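*Asks:* The following block contains the structure, expressed as structure tokens.
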There are 6 protein chains.
Amino acid sequence: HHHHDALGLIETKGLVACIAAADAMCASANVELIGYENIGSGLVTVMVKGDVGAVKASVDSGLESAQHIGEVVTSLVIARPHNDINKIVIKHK
Amino acid sequence: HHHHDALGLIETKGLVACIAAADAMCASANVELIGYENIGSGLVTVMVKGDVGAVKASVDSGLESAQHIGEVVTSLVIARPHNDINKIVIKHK
Amino acid sequence: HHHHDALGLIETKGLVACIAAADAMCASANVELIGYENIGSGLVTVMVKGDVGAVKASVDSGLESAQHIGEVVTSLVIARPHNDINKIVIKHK
Amino acid sequence: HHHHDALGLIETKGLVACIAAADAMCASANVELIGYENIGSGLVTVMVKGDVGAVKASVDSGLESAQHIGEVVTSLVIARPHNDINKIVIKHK
Amino acid sequence: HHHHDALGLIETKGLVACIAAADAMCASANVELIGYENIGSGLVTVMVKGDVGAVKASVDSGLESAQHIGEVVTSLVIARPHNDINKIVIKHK
Amino acid sequence: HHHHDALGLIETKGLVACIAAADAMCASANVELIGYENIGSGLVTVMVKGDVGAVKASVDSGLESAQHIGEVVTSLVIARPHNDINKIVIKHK
């Protein structure tokens, strides 16, 4: 009995646009900032978790804020991520 | 007597498209998410293992899901990988 | 009762332009140089903290100085960053 | 009296094309997969060792297999590598 | 009473052009080679310290030498760097 | 009384072209392979040391061999490197 739903992701080119996204994501909805990763070629991803409605609102707000200061490469909301995807997500905690 | 078949791989430009691929791969077939690697230039690879039919279905589903949110660089199914290729695959476990 | 407002960021392509920005940022206003990060693709970010007016003056000065010797990718002032953004900012301390 | 000939190398842009090359290299000839390295800009190199004829056959097969799924940057067979080159090769073991 | 002025920087694309710059910088003036950093995208920076006149002469000489063998991205002399910039400079010692 | 002249460098885009250069460098002259570094953007540098004539012959041979299989970014021979440049060179030993 070990204790540890939706996932929202924004990937930008550059760290500052990513921080703008994360700030807007947290300010706009009841979500938890749970992921942060830089993979090279200047790509930086911020990840949030929370209820589906909250995550969708958070990603929309993050996109608007990031798009005004940098390049957003992509964005995604996964409503119910597969359990096995947690193995990748915890690597960017 | 030490105890540890097909391999499916999707490589994308960017982490979010890779996570979309991994999620679709796991949801669409009976496969295990066994590999994850980022090599620079924003290239990220997710790898799955399972029976041949399952791996083929998993890679097709991952490709469709990833292509709608990012750039897929390439994809491959190796039905019976050579034993020596395990030496590279375990580096990205 | 543990003891540890505005955040200013400049992202450049190349380290020398970033150092020119950080020097001008510190010289032009009462701010603290609190962040420094390199994320690949030659992107380097310098971060400062202080009162809002000070941070705005610091970022304007850093931009002018960096733009004369290199490429500024972007700049931003976050007047009151969300508490959860501190989790990302301390990673680049 | 310490105990530890030809070297075959394939460099691709992307990991999946490299794994396709390594698989074909091992399947097509009596060679040992002895090197694997990622140097940035998405460049990945796989290295094999064995008898000259075997290494030449292995590199030709690896090239054909990799070219069908990704970009091969270059390939090379060194029949009798200089002893001092072992100092670089062991870094990518 | 702890004991540890001008800063000269040259940033090139590639390590060899950087080493050519550092060699010319040291040969042409009474400066100390105090910094060396590689930030990705092949950008390499060499930093020297000394009296203002010496640093200016050193950077001019380094630029001429590096420009003949590679790409110089940028160069800068900071006559009296802000004390807080030492926090970034010591990271590349 | 601590005991530890010319320096030859070849920088290529990609590891295989670099290994081809290092092999030709060692085979063509009485030089020691003393440096090897990868700095990102796929740039790889090999460095040799020896007598001036030997180093010049070694770099010419390395260039010819590398140019036939990959991109040579640059090459250089420093006949009598400044003592302070040893501080950078030992970082890539």
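*Asks:* Given H placed 1.01 Å from N in the peptide plane, which residues other than close sequence neighbours of A:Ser41 have an amide H under 5 Å from its amide H?
*Replies:* Correct list: B:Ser41, B:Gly42, C:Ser41.
*Asks:* Got a sec? How would E:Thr12, F:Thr45, D:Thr74 order by Cβ neighbour count within 10 Å, fewest to most?
*Replies:* D:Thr74, F:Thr45, E:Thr12
*Asks:* Sticking with this one: Quick one: with label points 7 Å out along Cα→Cβ, list the inter-copy distances for A:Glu32 in nm, shortest first?
*Replies:* Here A:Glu32 shows inter-copy label distances of 2.8, 2.8, 4.9, 4.9, 5.6 nm.
*Asks:* Placing a label point 7 Å from Cα toward Cβ, how far apart in nm is D:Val52 from its equivalents in the other copies, listed shortest first to one decimal?
*Replies:* In nanometres, ordered from closest: 3.9, 3.9, 6.7, 6.7, 7.7.
*Asks:* Dividing the alpha-carbon Rg of chain A by 2.2 N^0.38 Å yields what?
*Replies:* Taking N as the residue count of chain A, the ratio is 1.02.
*Asks:* Using only Cα atoms, figure out Rg for the range C:1-48 and give it as a multiple of 2.2 N^0.38 Å.
*Replies:* Normalised by 2.2 N^0.38 Å, the Cα Rg of the range C:1-48 equals 1.26.
*Asks:* Amide H neighbours of D:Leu76 under 5 Å, at least 5 residues apart or on other chains, H built in the peptide plane: list them.
*Replies:* Hits under the 5 Å cutoff: D:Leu9.
*Asks:* Which chain F residue comes nearest the axis with its C-beta when you rotate F onto A, and by how many angstrom?
*Replies:* So the chain F residue sitting closest to the axis is F:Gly40, 4.
*Asks:* I need C:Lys49, F:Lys93 ordered by Cβ neighbour count within 10 Å, fewest first.
*Replies:* Ordered from fewest to most neighbouring Cβ atoms within 10 Å, C:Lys49, F:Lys93 come out as F:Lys93, C:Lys49.
*Asks:* Could I ask something else about it? What's the Kirkwood radius of the protein assembly as shown in Å, using all Cα pairs?
*Replies:* Computed over the protein assembly as shown, the radius equals 25.3 Å.
*Asks:* Right, something else. Suppose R0 equals 35 Å. What FRET efficiency, 1/(1 + (r/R0)^6) with r the Cβ-Cβ distance, do B:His4 and D:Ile90 give to the nearest 0.05?
*Replies:* Using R0 = 35 Å, I get an efficiency of 0.85.
*Asks:* Let me ask you something else. For an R0 of 60 angstrom, estimate the FRET efficiency from the Cβ-Cβ distance between A:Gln67 and E:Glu64 and round to the nearest 0.05.
*Replies:* 0.90
*Asks:* With Cβ to Cβ distances under 15 Å as the rule, what net charge do the other residues near D:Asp51 carry (K, R +1; D, E -1)?
*Replies:* 0
*Asks:* Counting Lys and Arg as +1 and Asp and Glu as -1, each charge on the Cβ, what is the dipole of the protein assembly as shown about the Cα centre in debye, to the nearest 20?
*Replies:* The calculated dipole for the protein assembly as shown is roughly 960 debye.
*Asks:* Moving on. Suppose you put the label 7 Å out from Cα in the Cβ direction; list, shortest first and in nm with one decimal, how far F:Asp5 is from each other copy's label.
*Replies:* Distances between equivalent label points, in nm: 3.8, 3.8, 6.6, 6.6, 7.6.
Because the Cβ atoms are built from the backbone with ideal geometry, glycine has one as well, and the counts that use them run over all protein chains shown. Only the coordinates and a few stated rules stand behind these numbers; no lab work does.
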